[PDB]
$ cat work-v8.cif   # mmCIF, C-alpha atoms
data_protein
loop_
_atom_site.label_atom_id
_atom_site.label_comp_id
_atom_site.auth_asym_id
_atom_site.auth_seq_id
_atom_site.Cartn_x
_atom_site.Cartn_y
_atom_site.Cartn_z
CA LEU D 1 12.39 -5.66 -15.50
CA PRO D 2 12.43 -2.48 -13.35
CA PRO D 3 13.66 -2.74 -9.74
CA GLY D 4 11.82 -5.41 -7.80
CA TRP D 5 9.77 -6.96 -10.58
CA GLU D 6 9.92 -10.68 -11.21
CA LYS D 7 8.03 -13.16 -13.38
CA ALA D 8 5.77 -15.68 -11.69
CA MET D 9 3.30 -18.36 -12.75
CA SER D 10 -0.40 -18.14 -11.94
CA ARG D 11 -1.24 -21.27 -9.97
CA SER D 12 -4.89 -20.95 -10.99
CA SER D 13 -4.59 -20.17 -14.71
CA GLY D 14 -1.05 -21.15 -15.55
CA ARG D 15 -0.62 -17.73 -17.08
CA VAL D 16 2.47 -15.65 -16.42
CA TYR D 17 2.24 -12.63 -14.14
CA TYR D 18 4.58 -10.13 -12.55
CA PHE D 19 4.95 -9.33 -8.86
CA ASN D 20 7.22 -6.75 -7.26
CA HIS D 21 8.88 -7.78 -4.02
CA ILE D 22 9.50 -4.18 -2.92
CA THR D 23 5.92 -2.85 -3.25
CA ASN D 24 3.95 -6.17 -3.12
CA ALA D 25 2.14 -5.30 -6.32
CA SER D 26 1.25 -8.10 -8.69
CA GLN D 27 -0.29 -7.71 -12.15
CA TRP D 28 -0.59 -9.55 -15.45
CA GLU D 29 1.11 -7.07 -17.79
CA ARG D 30 4.87 -6.90 -18.13
CA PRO D 31 5.82 -3.80 -16.09
CA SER D 32 6.76 -0.78 -18.30
CA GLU D 33 14.90 6.66 -9.50
CA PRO D 34 13.66 10.18 -8.64
CA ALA D 35 14.98 12.49 -5.90
CA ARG D 36 11.40 12.99 -4.65
CA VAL D 37 8.12 11.09 -5.01
CA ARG D 38 4.63 11.96 -3.85
CA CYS D 39 2.39 9.40 -2.26
CA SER D 40 -0.93 8.81 -0.68
CA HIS D 41 -1.41 5.77 1.51
CA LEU D 42 -4.15 3.84 3.23
CA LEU D 43 -3.22 2.55 6.67
CA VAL D 44 -4.91 -0.23 8.65
CA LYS D 45 -3.44 -0.70 12.07
CA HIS D 46 -3.59 -3.77 14.28
CA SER D 47 -2.88 -4.62 17.88
CA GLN D 48 0.83 -5.12 17.14
CA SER D 49 0.97 -1.68 15.53
CA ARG D 50 3.50 0.69 17.03
CA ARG D 51 0.67 2.91 18.21
CA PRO D 52 -2.57 0.99 18.31
CA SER D 53 -4.71 4.03 18.25
CA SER D 54 -6.16 6.18 15.52
CA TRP D 55 -8.72 8.92 14.93
CA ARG D 56 -11.03 6.08 13.85
CA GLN D 57 -10.80 4.07 17.03
CA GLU D 58 -9.25 4.78 20.43
CA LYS D 59 -8.27 1.13 20.99
CA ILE D 60 -7.54 -0.80 17.79
CA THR D 61 -8.33 -4.44 18.58
CA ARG D 62 -8.19 -6.14 15.16
CA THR D 63 -5.32 -8.58 14.63
CA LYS D 64 -2.56 -8.56 12.02
CA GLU D 65 -4.33 -11.11 9.86
CA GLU D 66 -7.61 -9.17 10.12
CA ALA D 67 -5.68 -6.06 9.17
CA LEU D 68 -4.57 -7.92 6.05
CA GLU D 69 -8.05 -9.03 5.05
CA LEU D 70 -9.29 -5.43 5.21
CA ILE D 71 -6.30 -4.20 3.21
CA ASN D 72 -6.89 -6.95 0.66
CA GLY D 73 -10.57 -6.06 0.38
CA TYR D 74 -9.73 -2.42 -0.17
CA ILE D 75 -7.12 -3.42 -2.72
CA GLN D 76 -9.88 -5.40 -4.40
CA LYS D 77 -12.40 -2.57 -4.51
CA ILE D 78 -9.82 -0.06 -5.75
CA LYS D 79 -8.63 -2.50 -8.45
CA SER D 80 -12.20 -3.36 -9.50
CA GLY D 81 -13.06 0.35 -9.72
CA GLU D 82 -15.98 -0.16 -7.34
CA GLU D 83 -14.23 2.47 -5.16
CA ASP D 84 -11.30 4.79 -5.65
CA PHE D 85 -8.29 5.11 -3.41
CA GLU D 86 -9.15 8.57 -2.12
CA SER D 87 -12.61 7.59 -0.91
CA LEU D 88 -11.43 4.53 1.01
CA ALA D 89 -8.46 6.28 2.63
CA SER D 90 -10.71 9.11 3.86
CA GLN D 91 -13.13 6.66 5.48
CA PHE D 92 -10.96 3.80 6.56
CA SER D 93 -7.27 4.77 6.92
CA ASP D 94 -5.98 4.62 10.48
CA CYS D 95 -3.64 7.51 9.57
CA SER D 96 -4.78 11.06 10.10
CA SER D 97 -3.62 11.78 6.57
CA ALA D 98 -7.02 10.28 5.74
CA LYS D 99 -8.21 13.84 6.28
CA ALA D 100 -6.16 14.68 3.15
CA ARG D 101 -7.41 11.70 1.07
CA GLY D 102 -4.26 9.74 1.98
CA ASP D 103 -1.87 12.31 0.53
CA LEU D 104 1.35 12.75 2.47
CA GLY D 105 2.82 15.23 0.03
CA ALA D 106 6.22 14.74 -1.55
CA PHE D 107 9.23 13.28 0.26
CA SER D 108 12.79 12.04 -0.29
CA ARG D 109 14.77 9.10 1.01
CA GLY D 110 15.68 9.23 4.70
CA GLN D 111 12.37 10.58 5.98
CA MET D 112 9.98 7.65 6.27
CA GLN D 113 10.04 4.10 7.53
CA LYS D 114 12.34 2.15 5.20
CA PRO D 115 9.73 -0.37 3.92
CA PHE D 116 7.31 2.46 3.08
CA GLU D 117 10.13 4.46 1.53
CA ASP D 118 11.21 1.44 -0.54
CA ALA D 119 7.73 0.65 -1.74
CA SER D 120 7.18 4.32 -2.63
CA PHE D 121 10.26 4.99 -4.76
CA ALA D 122 9.70 1.63 -6.47
CA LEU D 123 6.26 2.79 -7.57
CA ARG D 124 5.81 4.47 -10.92
CA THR D 125 3.63 7.54 -11.03
CA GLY D 126 0.03 6.35 -10.97
CA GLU D 127 0.89 2.95 -9.55
CA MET D 128 -0.46 1.34 -6.39
CA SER D 129 1.36 -1.08 -4.14
CA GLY D 130 0.31 -4.27 -2.46
CA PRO D 131 0.11 -4.53 1.31
CA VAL D 132 3.18 -2.87 2.80
CA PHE D 133 3.95 -3.90 6.36
CA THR D 134 5.39 -1.35 8.71
CA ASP D 135 5.36 -0.98 12.46
CA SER D 136 2.45 1.44 12.18
CA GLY D 137 0.47 -1.23 10.30
CA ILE D 138 -0.25 -2.35 6.73
CA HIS D 139 -0.16 0.21 3.91
CA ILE D 140 -1.62 0.65 0.48
CA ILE D 141 0.71 3.23 -1.12
CA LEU D 142 -0.39 5.21 -4.16
CA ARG D 143 2.35 7.21 -5.89
CA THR D 144 0.72 10.31 -7.40
CA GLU D 145 3.86 12.22 -8.57
#
$ encode --input "work-v8.cif" --output "structure tokens"
Amino acid sequence: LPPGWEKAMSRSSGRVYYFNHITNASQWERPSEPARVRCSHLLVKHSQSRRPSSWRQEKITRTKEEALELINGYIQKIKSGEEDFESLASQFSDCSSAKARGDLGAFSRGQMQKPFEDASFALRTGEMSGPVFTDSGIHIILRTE
């Protein structure tokens, strides 16, 4: 399995699924290193975020668990198709890159926070991560290139 993927057992169904411990993505299908990848991300800060402020809200008061619920809900709406990633990041991302539909443009290793970097280069083009915890908050990373 590609870097970070591992088999696990569904404790509801008993059916086998795959999770990645780098990106926090889990899926049912069996899954399938570039100098540069291109990502968008959706950020949801919390009161233990490095800077608990955003264009959305001068004083971010939600907790870290509440930040996770929101992220999980967004992950659910993206993955159901009831919303797409660009729409949610524009409305709800605590990162001012929301003004560019999440897009951060392309980067290489050594520029970002290491957990974000790791999740990003362990995404395949067109893949979305799970919640990705950094000091800014919790991320949904989409790798677009």
$ residues_around --input "work-v8.cif" --residues "region 7-16 of chain D" --least-positions-apart "2" --cutoff "7 Å" --atoms "all atoms listed in the file" --output "count of residues only"
3
$ residues_near_point --input "work-v8.cif" --point "(2.6, -1.4, 10.8)" --cutoff "8 Å" --atoms "only C-alpha atoms" --output "list in words"
residues 44, 45, 46, 48, 49, 50, 133, 134, 135, 136, 137, 138 and 139 of chain D
$ closest_residue --input "work-v8.cif" --among "D:69, D:2, D:21, D:93" --to "residue 115 (chain D)" --atoms "only C-alpha atoms"
D:21
$ closest_residue --input "work-v8.cif" --among "D:110, D:31, D:4, D:102" --to "residue 127 (chain D)" --atoms "only C-alpha atoms"
D:31
$ closest_residue --input "work-v8.cif" --among "D:67, D:126, D:42, D:30" --to "residue 91 (chain D)" --atoms "all atoms listed in the file"
D:42
$ atom_distance --input "work-v8.cif" --atom1 "CA of residue 80 (chain D)" --atom2 "CA of residue 118 (chain D)"
25.5 Å
$ closest_residue --input "work-v8.cif" --among "D:58, D:132, D:143, D:36" --to "residue 114 (chain D)" --atoms "only C-alpha atoms"
D:132
$ atom_distance --input "work-v8.cif" --atom1 "CA of residue 112 (chain D)" --atom2 "CA of residue 83 (chain D)"
27.3 Å
$ decode --input "work-v8.cif" --residues "region 90-126 of chain D" --atoms "N, CA, C and O atoms" --output "PDB file, in the first residue's frame"
ATOM      1  N   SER D  90     -14.811  28.537   0.917  1.00  0.00           N
ATOM      2  CA  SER D  90     -15.096  29.963   0.786  1.00  0.00           C
ATOM      3  C   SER D  90     -15.918  30.492   1.951  1.00  0.00           C
ATOM      4  O   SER D  90     -15.687  31.616   2.412  1.00  0.00           O
ATOM      5  N   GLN D  91     -16.902  29.721   2.420  1.00  0.00           N
ATOM      6  CA  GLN D  91     -17.828  30.229   3.430  1.00  0.00           C
ATOM      7  C   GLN D  91     -17.289  30.050   4.832  1.00  0.00           C
ATOM      8  O   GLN D  91     -17.556  30.871   5.715  1.00  0.00           O
ATOM      9  N   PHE D  92     -16.558  28.966   5.066  1.00  0.00           N
ATOM     10  CA  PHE D  92     -16.377  28.489   6.421  1.00  0.00           C
ATOM     11  C   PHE D  92     -14.935  28.291   6.849  1.00  0.00           C
ATOM     12  O   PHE D  92     -14.704  27.980   8.022  1.00  0.00           O
ATOM     13  N   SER D  93     -13.956  28.495   5.971  1.00  0.00           N
ATOM     14  CA  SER D  93     -12.554  28.295   6.332  1.00  0.00           C
ATOM     15  C   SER D  93     -11.986  29.492   7.074  1.00  0.00           C
ATOM     16  O   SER D  93     -12.067  30.630   6.595  1.00  0.00           O
ATOM     17  N   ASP D  94     -11.358  29.230   8.215  1.00  0.00           N
ATOM     18  CA  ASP D  94     -10.840  30.314   9.033  1.00  0.00           C
ATOM     19  C   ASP D  94      -9.535  30.872   8.472  1.00  0.00           C
ATOM     20  O   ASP D  94      -8.859  31.671   9.131  1.00  0.00           O
ATOM     21  N   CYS D  95      -9.176  30.449   7.267  1.00  0.00           N
ATOM     22  CA  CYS D  95      -7.966  30.856   6.572  1.00  0.00           C
ATOM     23  C   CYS D  95      -8.356  31.805   5.456  1.00  0.00           C
ATOM     24  O   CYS D  95      -9.377  31.587   4.799  1.00  0.00           O
ATOM     25  N   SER D  96      -7.568  32.869   5.254  1.00  0.00           N
ATOM     26  CA  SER D  96      -8.011  33.870   4.302  1.00  0.00           C
ATOM     27  C   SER D  96      -7.861  33.391   2.873  1.00  0.00           C
ATOM     28  O   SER D  96      -8.334  34.069   1.952  1.00  0.00           O
ATOM     29  N   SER D  97      -7.206  32.246   2.695  1.00  0.00           N
ATOM     30  CA  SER D  97      -7.234  31.517   1.441  1.00  0.00           C
ATOM     31  C   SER D  97      -8.639  31.066   1.072  1.00  0.00           C
ATOM     32  O   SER D  97      -8.857  30.651  -0.078  1.00  0.00           O
ATOM     33  N   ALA D  98      -9.605  31.161   1.998  1.00  0.00           N
ATOM     34  CA  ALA D  98     -10.997  30.966   1.611  1.00  0.00           C
ATOM     35  C   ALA D  98     -11.355  31.893   0.459  1.00  0.00           C
ATOM     36  O   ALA D  98     -12.119  31.519  -0.436  1.00  0.00           O
ATOM     37  N   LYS D  99     -10.792  33.099   0.447  1.00  0.00           N
ATOM     38  CA  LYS D  99     -11.080  33.996  -0.659  1.00  0.00           C
ATOM     39  C   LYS D  99     -10.598  33.451  -1.995  1.00  0.00           C
ATOM     40  O   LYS D  99     -11.004  33.978  -3.030  1.00  0.00           O
ATOM     41  N   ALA D 100      -9.760  32.418  -2.008  1.00  0.00           N
ATOM     42  CA  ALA D 100      -9.369  31.739  -3.239  1.00  0.00           C
ATOM     43  C   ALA D 100      -9.853  30.286  -3.250  1.00  0.00           C
ATOM     44  O   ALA D 100      -9.163  29.388  -3.733  1.00  0.00           O
ATOM     45  N   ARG D 101     -11.055  30.050  -2.716  1.00  0.00           N
ATOM     46  CA  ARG D 101     -11.668  28.715  -2.684  1.00  0.00           C
ATOM     47  C   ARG D 101     -10.749  27.669  -2.049  1.00  0.00           C
ATOM     48  O   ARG D 101     -10.765  26.500  -2.429  1.00  0.00           O
ATOM     49  N   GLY D 102      -9.952  28.070  -1.062  1.00  0.00           N
ATOM     50  CA  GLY D 102      -9.074  27.157  -0.363  1.00  0.00           C
ATOM     51  C   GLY D 102      -7.691  27.070  -0.945  1.00  0.00           C
ATOM     52  O   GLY D 102      -6.726  26.911  -0.194  1.00  0.00           O
ATOM     53  N   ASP D 103      -7.585  27.190  -2.262  1.00  0.00           N
ATOM     54  CA  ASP D 103      -6.319  27.103  -2.979  1.00  0.00           C
ATOM     55  C   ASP D 103      -5.209  27.849  -2.251  1.00  0.00           C
ATOM     56  O   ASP D 103      -5.393  28.972  -1.769  1.00  0.00           O
ATOM     57  N   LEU D 104      -4.068  27.186  -2.119  1.00  0.00           N
ATOM     58  CA  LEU D 104      -2.850  27.806  -1.634  1.00  0.00           C
ATOM     59  C   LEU D 104      -1.818  27.920  -2.725  1.00  0.00           C
ATOM     60  O   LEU D 104      -0.737  28.452  -2.480  1.00  0.00           O
ATOM     61  N   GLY D 105      -2.128  27.436  -3.917  1.00  0.00           N
ATOM     62  CA  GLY D 105      -1.136  27.265  -4.955  1.00  0.00           C
ATOM     63  C   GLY D 105      -0.173  26.154  -4.593  1.00  0.00           C
ATOM     64  O   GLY D 105      -0.285  25.498  -3.558  1.00  0.00           O
ATOM     65  N   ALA D 106       0.814  25.968  -5.466  1.00  0.00           N
ATOM     66  CA  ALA D 106       1.731  24.843  -5.384  1.00  0.00           C
ATOM     67  C   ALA D 106       2.861  25.143  -4.408  1.00  0.00           C
ATOM     68  O   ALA D 106       3.323  26.280  -4.313  1.00  0.00           O
ATOM     69  N   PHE D 107       3.308  24.115  -3.676  1.00  0.00           N
ATOM     70  CA  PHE D 107       4.466  24.281  -2.798  1.00  0.00           C
ATOM     71  C   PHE D 107       5.346  23.033  -2.816  1.00  0.00           C
ATOM     72  O   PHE D 107       5.001  22.004  -3.407  1.00  0.00           O
ATOM     73  N   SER D 108       6.507  23.146  -2.165  1.00  0.00           N
ATOM     74  CA  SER D 108       7.431  22.039  -1.968  1.00  0.00           C
ATOM     75  C   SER D 108       7.696  21.854  -0.482  1.00  0.00           C
ATOM     76  O   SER D 108       7.306  22.678   0.353  1.00  0.00           O
ATOM     77  N   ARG D 109       8.395  20.766  -0.167  1.00  0.00           N
ATOM     78  CA  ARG D 109       8.711  20.466   1.223  1.00  0.00           C
ATOM     79  C   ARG D 109       9.619  21.537   1.804  1.00  0.00           C
ATOM     80  O   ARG D 109      10.478  22.086   1.111  1.00  0.00           O
ATOM     81  N   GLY D 110       9.402  21.850   3.080  1.00  0.00           N
ATOM     82  CA  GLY D 110      10.155  22.875   3.782  1.00  0.00           C
ATOM     83  C   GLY D 110       9.495  24.234   3.808  1.00  0.00           C
ATOM     84  O   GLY D 110      10.133  25.212   4.212  1.00  0.00           O
ATOM     85  N   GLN D 111       8.254  24.346   3.360  1.00  0.00           N
ATOM     86  CA  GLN D 111       7.561  25.624   3.400  1.00  0.00           C
ATOM     87  C   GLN D 111       6.440  25.673   4.417  1.00  0.00           C
ATOM     88  O   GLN D 111       6.214  26.729   5.005  1.00  0.00           O
ATOM     89  N   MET D 112       5.733  24.571   4.641  1.00  0.00           N
ATOM     90  CA  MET D 112       4.537  24.624   5.456  1.00  0.00           C
ATOM     91  C   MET D 112       4.794  23.969   6.807  1.00  0.00           C
ATOM     92  O   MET D 112       5.885  23.471   7.091  1.00  0.00           O
ATOM     93  N   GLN D 113       3.773  23.980   7.656  1.00  0.00           N
ATOM     94  CA  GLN D 113       3.818  23.190   8.872  1.00  0.00           C
ATOM     95  C   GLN D 113       3.990  21.735   8.474  1.00  0.00           C
ATOM     96  O   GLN D 113       3.414  21.296   7.482  1.00  0.00           O
ATOM     97  N   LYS D 114       4.810  20.995   9.232  1.00  0.00           N
ATOM     98  CA  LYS D 114       5.130  19.615   8.850  1.00  0.00           C
ATOM     99  C   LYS D 114       3.949  18.649   8.803  1.00  0.00           C
ATOM    100  O   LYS D 114       3.959  17.753   7.948  1.00  0.00           O
ATOM    101  N   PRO D 115       2.947  18.730   9.680  1.00  0.00           N
ATOM    102  CA  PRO D 115       1.781  17.849   9.512  1.00  0.00           C
ATOM    103  C   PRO D 115       0.989  18.163   8.258  1.00  0.00           C
ATOM    104  O   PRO D 115       0.524  17.230   7.591  1.00  0.00           O
ATOM    105  N   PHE D 116       0.784  19.450   7.937  1.00  0.00           N
ATOM    106  CA  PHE D 116       0.123  19.808   6.682  1.00  0.00           C
ATOM    107  C   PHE D 116       0.946  19.331   5.496  1.00  0.00           C
ATOM    108  O   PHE D 116       0.432  18.670   4.591  1.00  0.00           O
ATOM    109  N   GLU D 117       2.231  19.674   5.487  1.00  0.00           N
ATOM    110  CA  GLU D 117       3.117  19.187   4.440  1.00  0.00           C
ATOM    111  C   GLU D 117       2.980  17.682   4.256  1.00  0.00           C
ATOM    112  O   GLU D 117       2.688  17.212   3.149  1.00  0.00           O
ATOM    113  N   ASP D 118       3.129  16.914   5.343  1.00  0.00           N
ATOM    114  CA  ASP D 118       3.019  15.459   5.254  1.00  0.00           C
ATOM    115  C   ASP D 118       1.685  15.031   4.666  1.00  0.00           C
ATOM    116  O   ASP D 118       1.631  14.174   3.782  1.00  0.00           O
ATOM    117  N   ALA D 119       0.589  15.584   5.164  1.00  0.00           N
ATOM    118  CA  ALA D 119      -0.681  15.127   4.647  1.00  0.00           C
ATOM    119  C   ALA D 119      -0.761  15.406   3.163  1.00  0.00           C
ATOM    120  O   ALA D 119      -1.284  14.583   2.406  1.00  0.00           O
ATOM    121  N   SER D 120      -0.172  16.528   2.728  1.00  0.00           N
ATOM    122  CA  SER D 120      -0.340  17.043   1.370  1.00  0.00           C
ATOM    123  C   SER D 120       0.388  16.191   0.348  1.00  0.00           C
ATOM    124  O   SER D 120      -0.165  15.875  -0.710  1.00  0.00           O
ATOM    125  N   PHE D 121       1.646  15.857   0.623  1.00  0.00           N
ATOM    126  CA  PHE D 121       2.449  15.071  -0.300  1.00  0.00           C
ATOM    127  C   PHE D 121       2.114  13.589  -0.219  1.00  0.00           C
ATOM    128  O   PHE D 121       2.603  12.798  -1.036  1.00  0.00           O
ATOM    129  N   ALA D 122       1.296  13.202   0.756  1.00  0.00           N
ATOM    130  CA  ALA D 122       0.751  11.863   0.845  1.00  0.00           C
ATOM    131  C   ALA D 122      -0.662  11.814   0.309  1.00  0.00           C
ATOM    132  O   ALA D 122      -1.348  10.799   0.466  1.00  0.00           O
ATOM    133  N   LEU D 123      -1.126  12.898  -0.309  1.00  0.00           N
ATOM    134  CA  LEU D 123      -2.362  12.848  -1.076  1.00  0.00           C
ATOM    135  C   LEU D 123      -2.046  12.641  -2.550  1.00  0.00           C
ATOM    136  O   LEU D 123      -1.046  13.145  -3.066  1.00  0.00           O
ATOM    137  N   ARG D 124      -2.893  11.859  -3.202  1.00  0.00           N
ATOM    138  CA  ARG D 124      -2.831  11.719  -4.642  1.00  0.00           C
ATOM    139  C   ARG D 124      -3.613  12.889  -5.228  1.00  0.00           C
ATOM    140  O   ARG D 124      -4.443  13.506  -4.552  1.00  0.00           O
ATOM    141  N   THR D 125      -3.315  13.228  -6.477  1.00  0.00           N
ATOM    142  CA  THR D 125      -4.094  14.276  -7.117  1.00  0.00           C
ATOM    143  C   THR D 125      -5.567  13.890  -7.057  1.00  0.00           C
ATOM    144  O   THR D 125      -5.932  12.733  -7.300  1.00  0.00           O
ATOM    145  N   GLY D 126      -6.405  14.841  -6.654  1.00  0.00           N
ATOM    146  CA  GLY D 126      -7.828  14.605  -6.565  1.00  0.00           C
ATOM    147  C   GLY D 126      -8.271  13.977  -5.270  1.00  0.00           C
ATOM    148  O   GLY D 126      -9.455  13.660  -5.124  1.00  0.00           O
TER     149      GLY D 126
END
